[PDB]
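One structure is given here, and the rest of the page talks about it.
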DNA sequence: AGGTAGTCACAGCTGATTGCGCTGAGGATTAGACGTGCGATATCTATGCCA
DNA sequence: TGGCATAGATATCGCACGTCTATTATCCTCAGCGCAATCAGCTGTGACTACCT
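Chains as they are written, first to last, in the entry's author numbering: chain H, 783 to 835; chain A, 392 to 723.
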């Protein structure tokens with residue numbers, strides 16, 4: 783998303799107390815649906831490079 | 392002002408920092424930006440600099456321009472920069488205020504009277520033939536891995552352990568240090584040296600009687616404090632760093648109670664490969680210490696080695712070590 | 001024919017090079033409230049005693 | 001016979017003990033910046049040779 787300059791916010795879904803303090807629990811990133819399909823295909827292609835890398 | 396332990400500059404009457412933190416030309420943390428701004432705003436009546444011989448470097452010199460300070464005092468153990476960048480240092484800080492007489496402090500008992508030796512280990516002819524064969528920087532591994540030197544080191548370690556002394560083995564080469572430590576089954580300190588493991592090994596060395604032999608690479612000069620010892624054996628040289636190795640020697644050995652009356656309460660030995668370029672490096676290095684009145688006795692024959700059984704007793708063992716070293720080609 | 005300037009073949013000076021080191025940005029990782037049992041604390045009632 | 005001191009049955013509230021879950025920070029590791037001794041190209045030096053008088 784940073785490469786594509788699209789808004790990307792981590793989805794905070796819970797909170798964990800591990801380590802003696804409550805810590806955020808994130809579940810992926812919530813991105814606007816309009817760019818979603820554009821964001822997905824690049825990401826896979828991104829992975830398609832990284833694995834080869 | 393450390394990258395790991397951070398404290399707010401506000402209310403910091405006295406600050407302790409490092410050259411790299413202030414000299415970090417690349418982008419730093421946003422908090423570091425605030426610290427630098429506070430420092431520039433702050434007027435420093437006094438500044439203290441350690442290991443002044445390091446200042447002549449351009450990045451550390453820029454720190455002086457960065458910091459606005461009235462009084463700047465530099466403290467160090469040596470001043471013989473091999474790059475002769477000390478004349479300009481007279482204007483970076485000022486003239487040398489004082490330098491104590493080392494022999495005088497020895498007589499006064501403030502410092503341990505060091506007993507210094509240069510131990511000549513003949514090169515194995517097969518090693519020596521290969522030593523002549525190589526003309527490049529790879530030649531260092533040839534004379535730094537002398538099997539006869541290894542046996543002499545093992546004998547000295549046994550002697551001092553039977554004498555119950557703290558043994559510090561200094562070896563600039565990482566591979567040589569690791570090989571020696573693994574073969575002798577002793578702790579080793581090298582490039583990364585994770586800080587927790589480093590501190591654990593140091594504290595074991597200080598207190599645990601089972602651990603009295605520590606291998607320390609080049610990091611032992613100034614990167615951390617050396618626990619006080621009595622036996623310092625130098626195997627590998629930087630190549631003539633007459634100031635660095637002398638500084639590390641002085642840092643290693645300190646005054647010890649109990650042996651105050653004796654003129655030799657601290658023991659230092661330099662293992663030098665005979666007929667090698669290591670001889671010239673050792674002579675150039677000990678120039679400063681001789682200028683300091685310290686003498687070095689040359690010893691070739693080590694009594695008691697023949698009676699004791701040591702590593703590489705058979706020829707093929709040394710041949711196997713030669714195989715291992717030659718496997719480490721110029722890339723390593 | 002004779003002399004000195006233009007020009008090409010070997011030594012020092014010094015920046016590039018090969019060995020080692022700090023940073024900033026990554027993935028990894030138990031006491032107030034609630035429930036419960038015990039200890040110190042009042043209380044209604046049937047009946048015997050005295051005038 | 002009548003009113004009230006006193007022994008019996010019954011809980012009762014305050015105090016302490018055993019147990020749990022909270023609703024947003026810290027700790028290893030890598031790529032990118034540095035320091036210290038050789039070695040080659042720039043520069044300086046000596047000698048060969050065309051050109052002028």
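Every residue gets a Cβ at the ideal spot worked out from N, C-alpha and C, and that includes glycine.
DSSP three-state assignment for residue i, whether helix, strand or coil
i, result
"residue 650 of chain A", "coil"
"residue 480 of chain A", "helix"
"residue 677 of chain A", "helix"
"residue 410 of chain A", "helix"
"residue 714 of chain A", "helix"
"residue 660 of chain A", "strand"
"residue 693 of chain A", "coil"
"residue 685 of chain A", "coil"
"residue 629 of chain A", "coil"
"residue 805 of chain H", "strand"
"residue 797 of chain H", "strand"
"residue 433 of chain A", "coil"
Nearest to residue i (by Cα), restricted to the options the options
i, options, result
"residue 437 of chain A", "A:593, A:443 and A:461", "A:461"
"residue 808 of chain H", "H:814, H:817, H:818 and H:792", "H:792"
"residue 497 of chain A", "A:658, A:654 and A:569", "A:654"
"residue 691 of chain A", "A:511, A:630 and A:720", "A:511"
"residue 746 of chain H", "H:796, H:788, H:815 and H:829", "For residue 746 of chain H there is no data in the structure shown, the boundaries of chain H being 783 and 835."
"residue 395 of chain A", "A:402, A:408, A:713 and A:403", "A:408"
"residue 464 of chain A", "A:440, A:611, A:449 and A:697", "A:440"
"residue 568 of chain A", "A:610, A:591, A:679 and A:593", "A:610"
"residue 405 of chain A", "A:392, A:717, A:515 and A:541", "A:392"
"residue 577 of chain A", "A:553, A:545 and A:590", "A:545"
"residue 435 of chain A", "A:560, A:418, A:457 and A:425", "A:457"
"residue 622 of chain A", "A:504, A:486, A:402 and A:448", "A:504"
"residue 466 of chain A", "A:695, A:630, A:446 and A:670", "A:446"
"residue 804 of chain H", "H:813, H:818 and H:794", "H:794"
"residue 632 of chain A", "A:679, A:551 and A:423", "A:679"
"residue 783 of chain H", "H:824, H:802 and H:829", "H:824"
"residue 670 of chain A", "A:620, A:630, A:713 and A:493", "A:630"
"residue 398 of chain A", "A:422, A:591, A:413 and A:414", "A:422"
"residue 570 of chain A", "A:550, A:647, A:607 and A:677", "A:607"
"residue 716 of chain A", "A:509, A:491 and A:517", "A:517"
"residue 414 of chain A", "A:637, A:451 and A:719", "A:451"
"residue 472 of chain A", "A:448, A:494 and A:714", "A:448"
"residue 539 of chain A", "A:698, A:429, A:663 and A:723", "A:663"
"residue 710 of chain A", "A:509, A:515, A:550 and A:493", "A:515"
"residue 574 of chain A", "A:479, A:548 and A:696", "A:548"
"residue 459 of chain A", "A:484, A:433 and A:483", "A:433"
"residue 509 of chain A", "A:696, A:685 and A:484", "A:685"
"residue 625 of chain A", "A:652, A:562, A:416 and A:635", "A:562"
Distance between residue j and residue i (C-alpha atoms, nearest Å)
i, j, result
"residue 672 of chain A", "residue 689 of chain A", "15 angstroms"
"residue 481 of chain A", "residue 674 of chain A", "28 angstroms"
"residue 400 of chain A", "residue 597 of chain A", "35 angstroms"
"residue 704 of chain A", "residue 489 of chain A", "51 angstroms"
"residue 583 of chain A", "residue 564 of chain A", "14 angstroms"
"residue 557 of chain A", "residue 665 of chain A", "27 angstroms"
"residue 513 of chain A", "residue 454 of chain A", "47 angstroms"
"residue 470 of chain A", "residue 443 of chain A", "8 angstroms"
"residue 650 of chain A", "residue 477 of chain A", "38 angstroms"
"residue 523 of chain A", "residue 706 of chain A", "20 angstroms"
"residue 744 of chain A", "residue 617 of chain A", "Lying before the first or after the last residue shown, residue 744 of chain A is absent from chain A, which here runs from 392 to 723."
"residue 521 of chain A", "residue 533 of chain A", "7 angstroms"
"residue 827 of chain H", "residue 834 of chain H", "11 angstroms"
"residue 403 of chain A", "residue 486 of chain A", "30 angstroms"
"residue 694 of chain A", "residue 702 of chain A", "17 angstroms"
"residue 418 of chain A", "residue 425 of chain A", "13 angstroms"
"residue 530 of chain A", "residue 554 of chain A", "35 angstroms"
"residue 499 of chain A", "residue 620 of chain A", "20 angstroms"
"residue 830 of chain H", "residue 412 of chain A", "39 angstroms"
"residue 560 of chain A", "residue 800 of chain H", "43 angstroms"
"residue 501 of chain A", "residue 714 of chain A", "48 angstroms"
Residue i burial status per 10 Å Cβ neighbour count (16 or more: buried)
i, result
"residue 627 of chain A", "buried"
"residue 822 of chain H", "exposed"
"residue 536 of chain A", "buried"
"residue 832 of chain H", "exposed"
"residue 431 of chain A", "exposed"
"residue 604 of chain A", "buried"
"residue 527 of chain A", "exposed"
"residue 593 of chain A", "buried"
"residue 586 of chain A", "exposed"
"residue 667 of chain A", "buried"
"residue 614 of chain A", "exposed"
"residue 681 of chain A", "exposed"
As an exercise, report each continuous beta strand (DSSP E) stretch of at least 3 residues that is fully enclosed by the region 514 to 588 of chain A, in chain order. Those beta strand (DSSP E) runs which fall completely within the region 514 to 588 of chain A and span 3+ residues are 558 to 561.
Length-filtered (3 minimum) beta strand (DSSP E) runs lying within the region 458 to 504 of chain A: Segments of the beta strand (DSSP E) lying fully in the region 458 to 504 of chain A: 460 to 466.
Beta strand (DSSP E) runs contained entirely in the region 590 to 641 of chain A, provided each spans 3 or more residues: For the region 590 to 641 of chain A, whole beta strand (DSSP E) runs of length 3 or above, ordered along the chain, are 604 to 607 and 622 to 625.
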